[PDB]
Amino acid sequence: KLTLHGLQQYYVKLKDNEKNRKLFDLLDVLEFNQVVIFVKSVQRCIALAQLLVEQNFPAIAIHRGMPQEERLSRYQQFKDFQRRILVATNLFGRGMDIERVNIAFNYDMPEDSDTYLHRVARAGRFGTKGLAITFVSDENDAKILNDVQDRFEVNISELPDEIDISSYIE
Amino acid sequence: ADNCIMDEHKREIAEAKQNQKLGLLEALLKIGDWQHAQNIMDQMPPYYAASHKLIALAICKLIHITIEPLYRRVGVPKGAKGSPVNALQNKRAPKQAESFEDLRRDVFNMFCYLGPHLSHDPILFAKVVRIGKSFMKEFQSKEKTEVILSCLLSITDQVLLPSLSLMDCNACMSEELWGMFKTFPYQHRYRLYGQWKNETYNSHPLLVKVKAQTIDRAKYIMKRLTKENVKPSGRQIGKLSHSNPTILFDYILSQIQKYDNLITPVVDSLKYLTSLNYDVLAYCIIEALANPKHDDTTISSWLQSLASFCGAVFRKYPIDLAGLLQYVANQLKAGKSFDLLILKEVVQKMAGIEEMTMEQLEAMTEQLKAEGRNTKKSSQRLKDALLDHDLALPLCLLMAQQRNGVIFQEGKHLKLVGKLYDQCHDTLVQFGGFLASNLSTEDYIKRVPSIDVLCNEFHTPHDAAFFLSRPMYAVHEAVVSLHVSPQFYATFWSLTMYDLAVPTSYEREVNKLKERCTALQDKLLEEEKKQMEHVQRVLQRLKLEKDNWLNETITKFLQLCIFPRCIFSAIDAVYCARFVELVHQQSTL
Amino acid sequence: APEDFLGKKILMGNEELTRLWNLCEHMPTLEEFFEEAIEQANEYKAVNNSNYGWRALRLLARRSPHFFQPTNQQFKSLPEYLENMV
Amino acid sequence: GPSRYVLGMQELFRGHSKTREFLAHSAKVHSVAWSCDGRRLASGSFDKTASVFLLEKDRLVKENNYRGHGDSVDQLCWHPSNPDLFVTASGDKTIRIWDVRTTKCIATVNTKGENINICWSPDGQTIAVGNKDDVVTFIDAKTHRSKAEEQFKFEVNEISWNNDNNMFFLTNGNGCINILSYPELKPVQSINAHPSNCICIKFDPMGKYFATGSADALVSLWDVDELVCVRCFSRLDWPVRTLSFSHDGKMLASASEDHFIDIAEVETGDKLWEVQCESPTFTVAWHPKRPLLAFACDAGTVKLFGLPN
């Protein structure tokens, strides 16, 4: 069963249009091995992937509008450290079995607590520390964050200006 | 008014932490006047004078005008024209240098004032580097020479290395400096590297800006590159290294030891570094191993990652590993046996030495042992580094006793000490094998003292003593030396397994059955017949020895012959069994 | 003034490396090791710790000719065998 | 501020920034070089021909297309003091000397095979042609007889002369540049310059500097008198394929495998106009008189950059 002990979860309150720029700021400060960014649709996913490839960031997109074999091929290319950022609308469950993953951006809000858990929680073998950052845009974000805190008994504090380096990286 | 100058210098320092005087100076250096120029430059902040472009250009013009004769005579590059400087006509001139002494006094006095502002004139950088290289390769190939060498090492650390840190991306000025740097011993080179890493970037606000920019660009391309695109990204790191190798390599080493992946992309992107940058990368590896936990009941992951990076980067690129072995030997002298790990990796990665089943075990008991080159150039560098600095015997004799020091001096949990002793013993065995392989009877017999000297003087146990002495032999005096039946003691500890029981024809015919293959099979059969004759001849001399060989009669034999031998290594275990059974059988019960 | 840069002390600019370069048996022999067992002869004694009992068995291998001796009396516990061999 | 010269040239390029293309051949254009004065411009193509354009006012017309070769033409060079004489080194193991005044083959010389790069001695007396198996042949330009041959055992990419015609510069793929004494060809020096291959070398018309390009996106500007690397330009990202010096030596234009050509001031090295269209370039030349430059990017066509708008 997926657990949440060993993951740091924050939130940032902003608009909907500023979620791109703000994201870049994070990728300009936070040190990471591989970053998985979750969106809600395929159009926004392809737009974000193209916007990241327009930058020097190597980004690969795995959305729900793909064949299963293509999804597996792209996920295997991403597992071999061939590309850093993975813009995924969803996964195949089982948490996140990729040990190299450090940061997880909830660019959009998931459906319910099971979705937030499958997005945040991991199922690795050696890597127990990691960071998860969810963007807050309206009151629904705060309500679902409170629901997550009530269901999983976790803490979702506000993101400060400085983060400890060894707190989420072993 | 000389005070607004101090205020503006304070401003320059502070903003980075977050004129008739100079008009005279430029016109006072323009004719001949050096003494009054010194008097003017001393009455202001340290580098406020040469911080401007005009004053630095005037000082450099004066310097090369005074230095012209020495350079024209002993420093012009082969196959150039050169620009005669037409020395100045004043009688108050600084008396142009002629041979390495007037240079010393006047030119070093006038170089002290420049600092990291030689970058305005790269022509003087080259002239001074060439003069230094000529002086080194001439004189060092002596009190005055020692003083000149010290002054040259000071001029380097003060002017040359900081000025090389402000040139944007000079891959040629980093390969011109290493024309002179390849003549210093590695201790002076490491001094200069440590000083211009830890001290020059603190002062000199321009150097602080350069450090900030280099760390920024290093953070940029590191989190960004791929496993896919290596060397569209090796070029960026190459340029950053041409600029500031110390900072760049320190940051990327931190990243390597932190993430423990992305180590192969990095040891692959380090393809466009200059030789000076390889020398600086070696020092950064050493420093990252030395300065910084570290136990956590099991050897830490960061040390394993550093060791893997070191093995890879020393196997791939020519990096002149001399400080690494001396550092490992010093750590052993200090009583710490963890860095032996990385040493193992080196000997394991750039020599192809690398549990085993009975098939390969019998094969390891002379072509089958080499079977089980791509490591004919790296092993050459390893052997050269071992022979030049005389580090084979010291390292072996250090491990031989440090294996006891690990367990008894506690240098816990009873599971960490076991693995550490195991690692030390295995590294000793592997290094002794490498030496016996590649330092042949010539270097071996000459640089390995006899057992009469080892156990008596260099406090070494009998096991490692005989392990190192065996290749020299390939008796009564040796026995009396070892005890201080003695003949039995020497006979047992001298004979290996290879000269007691012959294999190999099966696997030989399997692998052979192809002109090269046929030639290899013929050579292997020749070796097999030679070993047959070897075993026959060895068993021949055994009879008369058995005649005069010899309760607790076997108990002394049992412990001090069987136990260390059988415990030492698996081949030694099979030998210890075969010996007793075959020879001692033909008291056994 | 750059009158002299070096000295005979190898500096090795890094201050930690300065210590290593300018820096420069292991068997207590049966009496410097124990030093207590004879003086203590079992709740919190010294022959109740394996981290010492293991090293005593590693030391009794090189010396103490009564180690490989055929005792064969089936001593129930290592502390019993170890105290008799001191 | 940047400089006075940079601002002046930026004004000139603000007024004159129209690039126009002209149809040369029916295949990939390998090399394009200008005349001795600057009226004619020739270009050699993969369709084993060499076209010759006449620069009239602002657009250059097609004067002729010289036919005949056994393989693709890899390099062109014009006589350094004769406006109507040039040489085309091709595959097919030959080198032909064309005349523009009468449109006829003046001479043909058979070499040891697979020529790549040539240059004409700044006197106009000897032609040096290197081939794909690192052999450099020295031919007498007036007698059309091979007078010297040299094997080097490294890989020599591009060759040049001291421009006083008393030294010979080769660039070896190991990352060095070799200097030989010309009139009696004996190796004089080797300069370890770049961490990787040296692909091109050019001498500016004035005689102060010479520039080399490396296979790691570096251009280095060596000083001819003292052989000192003064400054390195690093704004490309791919191996530098071609260099050129302006008609006076202040501007240097470099083109490589990434999407734009860049002009840089020689004295400062900071930056100047950069032309960004598409289709990585591999051959670039300036004009001997005017400040307008031709190039061949990416069925083949020659583009200009300068006068009109």
# chains A, B, ... in the order shown; residues from 1 in each chain; ligands from 1
call {"tool": "closest_atom_pairs", "arguments": {"of": "chain B", "to": "chain A", "cutoff": "9 Å", "atoms": "only C-alpha atoms", "output": "JSON lines"}}
result
{"residue": "B:219", "atom": "CA", "partner": "A:31", "partner_atom": "CA", "distance": 8.6}
{"residue": "B:220", "atom": "CA", "partner": "A:28", "partner_atom": "CA", "distance": 8.0}
{"residue": "B:221", "atom": "CA", "partner": "A:56", "partner_atom": "CA", "distance": 8.9}
{"residue": "B:223", "atom": "CA", "partner": "A:32", "partner_atom": "CA", "distance": 6.8}
{"residue": "B:224", "atom": "CA", "partner": "A:57", "partner_atom": "CA", "distance": 5.7}
{"residue": "B:225", "atom": "CA", "partner": "A:58", "partner_atom": "CA", "distance": 7.5}
{"residue": "B:226", "atom": "CA", "partner": "A:82", "partner_atom": "CA", "distance": 5.6}
{"residue": "B:227", "atom": "CA", "partner": "A:82", "partner_atom": "CA", "distance": 4.7}
{"residue": "B:228", "atom": "CA", "partner": "A:82", "partner_atom": "CA", "distance": 5.2}
{"residue": "B:229", "atom": "CA", "partner": "A:82", "partner_atom": "CA", "distance": 8.5}
{"residue": "B:258", "atom": "CA", "partner": "A:170", "partner_atom": "CA", "distance": 8.0}
{"residue": "B:259", "atom": "CA", "partner": "A:33", "partner_atom": "CA", "distance": 7.2}
{"residue": "B:261", "atom": "CA", "partner": "A:100", "partner_atom": "CA", "distance": 8.2}
{"residue": "B:262", "atom": "CA", "partner": "A:81", "partner_atom": "CA", "distance": 8.0}
call {"tool": "residues_around", "arguments": {"residues": "stretch 211-228 of chain D", "least_positions_apart": "6", "cutoff": "7 Å", "atoms": "only C-alpha atoms", "output": "PDB file with N, CA and C atoms, in the first residue's frame"}}
result
ATOM      1  N   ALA B  80      58.512  31.790 -35.761  1.00  0.00           N
ATOM      2  CA  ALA B  80      57.730  33.016 -35.734  1.00  0.00           C
ATOM      3  C   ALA B  80      58.656  34.139 -36.188  1.00  0.00           C
ATOM      4  N   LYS B  81      58.116  35.350 -36.294  1.00  0.00           N
ATOM      5  CA  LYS B  81      58.933  36.492 -36.669  1.00  0.00           C
ATOM      6  C   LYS B  81      59.265  37.318 -35.438  1.00  0.00           C
ATOM      7  N   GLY B  82      58.255  37.612 -34.633  1.00  0.00           N
ATOM      8  CA  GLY B  82      58.447  38.413 -33.446  1.00  0.00           C
ATOM      9  C   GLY B  82      58.453  39.899 -33.755  1.00  0.00           C
ATOM     10  N   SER B  83      58.111  40.685 -32.739  1.00  0.00           N
ATOM     11  CA  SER B  83      58.060  42.131 -32.880  1.00  0.00           C
ATOM     12  C   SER B  83      59.131  42.761 -32.007  1.00  0.00           C
ATOM     13  N   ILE B 123      49.529  39.068 -24.738  1.00  0.00           N
ATOM     14  CA  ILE B 123      50.880  38.894 -25.262  1.00  0.00           C
ATOM     15  C   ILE B 123      51.906  38.797 -24.141  1.00  0.00           C
ATOM     16  N   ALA B 126      51.768  35.283 -22.462  1.00  0.00           N
ATOM     17  CA  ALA B 126      52.512  34.281 -23.215  1.00  0.00           C
ATOM     18  C   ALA B 126      54.013  34.441 -23.025  1.00  0.00           C
ATOM     19  N   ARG B 235      30.403  20.540 -24.759  1.00  0.00           N
ATOM     20  CA  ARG B 235      31.046  21.772 -25.200  1.00  0.00           C
ATOM     21  C   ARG B 235      30.823  22.900 -24.203  1.00  0.00           C
TER      22      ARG B 235
ATOM     23  N   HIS D 194      43.516  23.523 -29.742  1.00  0.00           N
ATOM     24  CA  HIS D 194      42.147  23.235 -29.337  1.00  0.00           C
ATOM     25  C   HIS D 194      42.056  21.847 -28.737  1.00  0.00           C
ATOM     26  N   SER D 196      39.944  19.685 -29.551  1.00  0.00           N
ATOM     27  CA  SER D 196      39.498  18.771 -30.594  1.00  0.00           C
ATOM     28  C   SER D 196      39.929  19.273 -31.964  1.00  0.00           C
ATOM     29  N   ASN D 197      39.393  18.669 -33.020  1.00  0.00           N
ATOM     30  CA  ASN D 197      39.826  18.894 -34.390  1.00  0.00           C
ATOM     31  C   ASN D 197      39.886  20.377 -34.729  1.00  0.00           C
ATOM     32  N   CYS D 198      40.834  20.724 -35.592  1.00  0.00           N
ATOM     33  CA  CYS D 198      40.912  22.040 -36.201  1.00  0.00           C
ATOM     34  C   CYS D 198      40.459  21.930 -37.648  1.00  0.00           C
ATOM     35  N   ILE D 199      39.370  22.620 -37.983  1.00  0.00           N
ATOM     36  CA  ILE D 199      38.685  22.394 -39.240  1.00  0.00           C
ATOM     37  C   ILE D 199      39.011  23.447 -40.294  1.00  0.00           C
ATOM     38  N   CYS D 200      39.323  24.677 -39.899  1.00  0.00           N
ATOM     39  CA  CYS D 200      39.551  25.725 -40.882  1.00  0.00           C
ATOM     40  C   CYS D 200      40.601  26.683 -40.354  1.00  0.00           C
ATOM     41  N   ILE D 201      41.210  27.417 -41.280  1.00  0.00           N
ATOM     42  CA  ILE D 201      42.214  28.420 -40.957  1.00  0.00           C
ATOM     43  C   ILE D 201      42.191  29.487 -42.041  1.00  0.00           C
ATOM     44  N   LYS D 202      42.202  30.745 -41.610  1.00  0.00           N
ATOM     45  CA  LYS D 202      42.137  31.865 -42.529  1.00  0.00           C
ATOM     46  C   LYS D 202      43.097  32.942 -42.056  1.00  0.00           C
ATOM     47  N   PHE D 203      43.708  33.635 -43.011  1.00  0.00           N
ATOM     48  CA  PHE D 203      44.603  34.749 -42.734  1.00  0.00           C
ATOM     49  C   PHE D 203      43.951  36.031 -43.219  1.00  0.00           C
ATOM     50  N   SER D 234      33.129  32.417 -28.849  1.00  0.00           N
ATOM     51  CA  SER D 234      32.289  31.274 -28.537  1.00  0.00           C
ATOM     52  C   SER D 234      30.840  31.723 -28.472  1.00  0.00           C
ATOM     53  N   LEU D 236      28.792  30.170 -31.248  1.00  0.00           N
ATOM     54  CA  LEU D 236      28.217  29.027 -31.940  1.00  0.00           C
ATOM     55  C   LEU D 236      28.011  27.910 -30.927  1.00  0.00           C
ATOM     56  N   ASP D 237      27.418  26.801 -31.352  1.00  0.00           N
ATOM     57  CA  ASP D 237      27.221  25.680 -30.444  1.00  0.00           C
ATOM     58  C   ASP D 237      27.650  24.384 -31.114  1.00  0.00           C
ATOM     59  N   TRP D 238      27.856  24.437 -32.424  1.00  0.00           N
ATOM     60  CA  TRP D 238      28.225  23.265 -33.201  1.00  0.00           C
ATOM     61  C   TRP D 238      29.607  23.466 -33.804  1.00  0.00           C
ATOM     62  N   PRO D 239      30.258  22.409 -34.288  1.00  0.00           N
ATOM     63  CA  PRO D 239      31.584  22.575 -34.890  1.00  0.00           C
ATOM     64  C   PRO D 239      31.587  23.643 -35.972  1.00  0.00           C
ATOM     65  N   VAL D 240      32.569  24.533 -35.896  1.00  0.00           N
ATOM     66  CA  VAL D 240      32.686  25.644 -36.831  1.00  0.00           C
ATOM     67  C   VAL D 240      33.072  25.087 -38.191  1.00  0.00           C
TER      68      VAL D 240
END
call {"tool": "residues_around", "arguments": {"residues": "residue C:23", "least_positions_apart": "5", "cutoff": "9 Å", "atoms": "only C-alpha atoms", "output": "list in words"}}
result
residues 330, 333 and 334 of chain B; 18 of chain C
call {"tool": "interface_residues", "arguments": {"of": "chain B", "to": "chain C", "cutoff": "8 Å", "atoms": "only C-alpha atoms", "output": "ChimeraX atom specification"}}
result
/B:108-109,112,147,150-151,153-155,187-188,190-195,198,287,290-291,327,330-331,333-334,401,404-405,407-409,413-414,459,552,555-556,558-560
call {"tool": "interface_residues", "arguments": {"of": "chain B", "to": "chain D", "cutoff": "10 Å", "atoms": "only C-alpha atoms", "output": "ChimeraX atom specification"}}
result
/B:76-83,119-127,167-176,179,231-236,238-239,271-275
call {"tool": "residues_around", "arguments": {"residues": "residue B:367", "least_positions_apart": "2", "cutoff": "9 Å", "atoms": "only C-alpha atoms", "output": "PyMOL selection string"}}
result
chain B and resi 363+369-372+520+523-524+527
call {"tool": "write_last_selection", "arguments": {"atoms": "N, CA, C and O atoms", "output": "PDB file, in the first residue's frame"}}
result
ATOM      1  N   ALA B 363      40.870 -23.177 -13.792  1.00  0.00           N
ATOM      2  CA  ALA B 363      41.492 -22.405 -14.862  1.00  0.00           C
ATOM      3  C   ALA B 363      42.429 -21.339 -14.305  1.00  0.00           C
ATOM      4  O   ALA B 363      43.373 -20.915 -14.979  1.00  0.00           O
ATOM      5  N   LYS B 369      44.895 -18.457 -16.926  1.00  0.00           N
ATOM      6  CA  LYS B 369      44.806 -17.441 -15.885  1.00  0.00           C
ATOM      7  C   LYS B 369      44.645 -16.049 -16.479  1.00  0.00           C
ATOM      8  O   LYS B 369      43.904 -15.225 -15.932  1.00  0.00           O
ATOM      9  N   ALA B 370      45.329 -15.766 -17.591  1.00  0.00           N
ATOM     10  CA  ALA B 370      45.146 -14.486 -18.260  1.00  0.00           C
ATOM     11  C   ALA B 370      43.787 -14.415 -18.946  1.00  0.00           C
ATOM     12  O   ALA B 370      43.220 -13.328 -19.110  1.00  0.00           O
ATOM     13  N   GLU B 371      43.254 -15.566 -19.360  1.00  0.00           N
ATOM     14  CA  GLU B 371      41.933 -15.597 -19.978  1.00  0.00           C
ATOM     15  C   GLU B 371      40.849 -15.205 -18.979  1.00  0.00           C
ATOM     16  O   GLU B 371      39.976 -14.383 -19.280  1.00  0.00           O
ATOM     17  N   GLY B 372      40.892 -15.783 -17.784  1.00  0.00           N
ATOM     18  CA  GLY B 372      39.914 -15.481 -16.757  1.00  0.00           C
ATOM     19  C   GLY B 372      39.747 -16.596 -15.743  1.00  0.00           C
ATOM     20  O   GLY B 372      40.620 -17.454 -15.603  1.00  0.00           O
ATOM     21  N   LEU B 520      46.813 -19.740 -30.670  1.00  0.00           N
ATOM     22  CA  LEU B 520      46.606 -19.649 -29.228  1.00  0.00           C
ATOM     23  C   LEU B 520      46.515 -21.033 -28.601  1.00  0.00           C
ATOM     24  O   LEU B 520      47.066 -21.269 -27.522  1.00  0.00           O
ATOM     25  N   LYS B 523      50.070 -22.458 -28.443  1.00  0.00           N
ATOM     26  CA  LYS B 523      50.815 -21.853 -27.342  1.00  0.00           C
ATOM     27  C   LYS B 523      50.326 -22.381 -26.000  1.00  0.00           C
ATOM     28  O   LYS B 523      51.122 -22.617 -25.079  1.00  0.00           O
ATOM     29  N   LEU B 524      49.016 -22.594 -25.874  1.00  0.00           N
ATOM     30  CA  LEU B 524      48.459 -23.105 -24.627  1.00  0.00           C
ATOM     31  C   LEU B 524      48.900 -24.540 -24.377  1.00  0.00           C
ATOM     32  O   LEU B 524      49.184 -24.926 -23.238  1.00  0.00           O
ATOM     33  N   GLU B 527      52.432 -24.387 -23.176  1.00  0.00           N
ATOM     34  CA  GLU B 527      52.435 -24.025 -21.762  1.00  0.00           C
ATOM     35  C   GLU B 527      52.014 -25.200 -20.886  1.00  0.00           C
ATOM     36  O   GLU B 527      52.544 -25.393 -19.788  1.00  0.00           O
TER      37      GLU B 527
END
call {"tool": "atom_distance", "arguments": {"atom1": "atom CA of residue A:18", "atom2": "atom CA of residue A:122"}}
result
28.2 Å
call {"tool": "residues_around", "arguments": {"residues": "residue D:250", "least_positions_apart": "3", "cutoff": "9 Å", "atoms": "only C-alpha atoms", "output": "ChimeraX atom specification"}}
result
/D:5,204,245-247,264-267
call {"tool": "write_last_selection", "arguments": {"atoms": "N, CA and C atoms", "output": "tab-separated table (two decimals), in the first residue's frame"}}
result
chain	number	residue	atom	x	y	z
D	5	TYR	N	33.29	51.67	-33.91
D	5	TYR	CA	33.21	50.87	-35.13
D	5	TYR	C	31.97	49.99	-35.12
D	204	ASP	N	43.87	37.03	-42.35
D	204	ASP	CA	43.22	38.28	-42.67
D	204	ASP	C	44.04	39.05	-43.69
D	245	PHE	N	37.29	36.73	-43.13
D	245	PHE	CA	37.66	38.07	-42.68
D	245	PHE	C	37.12	39.10	-43.67
D	246	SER	N	36.65	40.23	-43.15
D	246	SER	CA	36.13	41.28	-44.00
D	246	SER	C	37.25	41.90	-44.84
D	247	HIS	N	36.87	42.87	-45.67
D	247	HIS	CA	37.80	43.44	-46.63
D	247	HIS	C	38.91	44.24	-45.95
D	264	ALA	N	31.50	39.20	-36.00
D	264	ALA	CA	32.10	39.64	-34.75
D	264	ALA	C	33.24	40.61	-35.05
D	265	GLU	N	33.39	41.63	-34.22
D	265	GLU	CA	34.52	42.53	-34.36
D	265	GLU	C	35.80	41.80	-33.96
D	266	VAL	N	36.88	42.02	-34.71
D	266	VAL	CA	38.12	41.32	-34.41
D	266	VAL	C	38.82	41.94	-33.21
D	267	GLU	N	38.86	43.27	-33.14
D	267	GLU	CA	39.60	43.93	-32.07
D	267	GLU	C	38.95	43.69	-30.71
call {"tool": "atom_distance", "arguments": {"atom1": "atom CA of residue B:317", "atom2": "atom CA of residue B:278"}}
result
8.1 Å
call {"tool": "residues_around", "arguments": {"residues": "stretch 99-106 of chain D", "least_positions_apart": "3", "cutoff": "12 Å", "atoms": "only C-alpha atoms", "output": "PyMOL selection string"}}
result
chain D and resi 35+39-42+50-54+63-69+78-79+82-88+95-96+109+141-144
call {"tool": "atom_distance", "arguments": {"atom1": "atom CA of residue B:138", "atom2": "atom CA of residue B:161"}}
result
22.9 Å
call {"tool": "residues_around", "arguments": {"residues": "residue A:135", "least_positions_apart": "4", "cutoff": "8 Å", "atoms": "only C-alpha atoms", "output": "NGL selection string"}}
result
:A and (11-14 or 19 or 105-109 or 141)
